[PDB]
Amino acid sequence: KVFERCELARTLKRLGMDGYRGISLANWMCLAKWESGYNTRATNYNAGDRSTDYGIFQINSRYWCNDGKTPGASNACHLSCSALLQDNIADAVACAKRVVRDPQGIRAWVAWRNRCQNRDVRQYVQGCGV
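Regarding how it was determined, this PDB entry cites X-ray crystallography in its header, along with a resolution of 2 Å.

See below:
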């Protein structure tokens, strides 16, 4: 599924993402935009450590979900990585929350660092009534 900008914003808000652990909705919108371009079935195989980034937030197999093929991986969100490729993002949002309940917070994702930190993210939720 490829969400429209404002469509995603309302859904994330509805799912309790506005300010979860200090993170604004516009920060999450900025992450998704740069991670998968609002695409729920985006995946990225990282041949280096044999892991894959799944879904709209591009959550990595080594730490967050189980795909059975990542060497010495972990499953913190306790989900099958298929749960992160659904059109219904409820599980992906629940896992992204688990990720930010970690020391780095939203900083866990390097693309957030590169394109959202100290960047005007307000533009991602303008006109969405959120």
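S.K.: How would you sum up the UniProt feature "domain: C-type lysozyme" in the protein? Please name residues and give values.
M.R.: As recorded in UniProt, the sites labelled "domain: C-type lysozyme" are residues 1-130. Taken as a whole, residues 1-130 contains 29% helix and 8% strand, while its terminal C-alpha atoms sit 21 Å from one another.

S.K.: An account of helix α2 (residues 25-35) is needed here, citing residue identities and associated values.
M.R.: α2 sits mainly inside the fold: eight of its eleven residues count as buried. Within α2 the residues assigned to the buried category are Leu25, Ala26, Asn27, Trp28, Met29, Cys30, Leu31 and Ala32. Positive phi appears at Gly37, one or two residues downstream of α2, with a value of about 70°.

S.K.: Give me the UniProt feature "disulfide bond" in the protein: which residues, what numbers.
M.R.: In these coordinates the annotated UniProt disulfide of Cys30 and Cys116 is reproduced, with an SG-SG gap of 2.0 Å that lies under 2.5 Å. Taken together, the residues span a long stretch of sequence, with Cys30 in helix α2 and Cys116 in the segment after α4 (110-115) at a distance of 86 residues. Here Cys30 falls in the buried class, since its relative accessible area comes to 0%. Between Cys77 and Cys95, where UniProt places a disulfide, the sulfurs come within 2.0 Å of each other, which fits a bond. Taken together, the residues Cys77 in the loop between β3 (59-60) and α3 (90-100) and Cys95 in helix α3 connect sequence positions 18 residues apart. In this structure, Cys77 and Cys95 share a single accessibility class: buried.

S.K.: Which residues make up the pattern of salt bridges, and what are the values?
M.R.: Under the definition given, this model contains five salt bridges. A salt bridge links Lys1 to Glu7, with the shortest nitrogen-to-oxygen separation between them at 3.3 Å. Here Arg98 makes a salt bridge to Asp102, at a shortest N to O gap of 3.3 Å. Owing to a relative accessible area of 30%, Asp102 belongs among the partly exposed residues under this scheme.

S.K.: Run through the sheet that holds strand β1 (residues 43-46), naming residues and quoting values.
M.R.: Strand order across the open sheet formed by three strands is β1-β2-β3, with antiparallel pairing between neighbours. A strand with exactly one partner marks an edge of an open sheet, and here the two such strands are β1 and β3. One ladder, built from four bridges, connects β1 with strand β2 (residues 51-54); its direction is antiparallel. In the sheet register, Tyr45 faces β2, and the bridge partner there is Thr52.

S.K.: Can you lay out the pairing of β2 for me, pointing to particular residues and giving the numbers?
M.R.: On β2, burial covers both faces: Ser51 and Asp53 on one face and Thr52 and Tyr54 on the other are all buried. The antiparallel pairing of β1 with β2 creates a hairpin that spans four residues between the two strands, and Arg50 there sits at a positive phi of about 50°. With two bridges connecting them, β2 and β3 associate as antiparallel partners. Within β3, the residue paired with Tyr54 across the bridge is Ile59. Taking the residues that link successive antiparallel strands as the turn, the β2-β3 hairpin has four residues, and the phi of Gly55 there is positive, at about 70°.

Rules used throughout
Residues numbered from 1 in each chain as written, not as in the entry; some residues may be left out. Heavy atoms only, no water. UniProt positions renumbered as here; feature names shortened; annotations may be inferred. Helix = DSSP H or I, 4+ residues; strand = E, 2+ residues; numbered from the N terminus. Buried < 20%, exposed > 50% of the residue type's maximum accessible area, 1.4 Å probe, protein only. Disulfide = S-S within 2.5 Å. Salt bridge = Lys/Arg side-chain N within 4 Å of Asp/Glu carboxyl O. Pairing = 2+ DSSP bridges.

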